[PDB]
Structure formats: structure tokens, C-alpha cells
């Protein structure tokens, strides 16, 4: 439970367009995020904006990418938005 994970409303909606399989992967990402805020190896994550307070990150789940923030002080991880494979 280390970290509390929250999802933005619009992400939840976009999540329903995903195949059962992809959704399952997202839930695993959520489960891991609660223990490890930056699972670099397993999700090829990169720090977008680092600022001592909240950091922005980009995780790769395969067919798509998820961008989220980590509030170290409050221990809150927020799933901000989703993105395509990366058109290249």
C-alpha cells in the first residue's frame, strides 16, 4: 500500500477501449506502482520533469504509454494520461 494511486477521470474512460489483456497489464502496473513509484526496468520508465516535489514520468506498457506524477511528500501517484505506441 506504500503509495496511493489515483487515476484521472478521462484516463479511466480511455481505459475501456483497451483489449482485456492490455487492461490487465494496466492493473499490474497499478499494483507495482503502489510499492515502487519508478519501476524503471519493467516499464522502461523515464523521468520527464524532476523537481524534488512532484515528478512527472512516462511508463511504457507496450502498445501505449502512460504519464503519471509522483508526490513524494504525500506518497500519491497520479495517472495523468495515456499516449499511443509513439508514432515512431
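Residue numbers count along the first chain shown, from 1.
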property: Between 35-43 and 48-56 (mean CA B-factor, as deposited), the higher; result: 48-56
property: Ranked C-alpha temperature factor of residue 17 among modelled chain residues, by third; result: middle
property: Chain thirds of CA B-factor: placement of residue 78; result: lowest
property: Chain third (lowest, middle, highest) by recorded CA B-factor, residue given as residue 88; result: highest
property: Chain thirds of CA B-factor: placement of residue 68; result: lowest
property: Modelled-residue ranking by C-alpha temperature factor, third containing residue 5; result: lowest
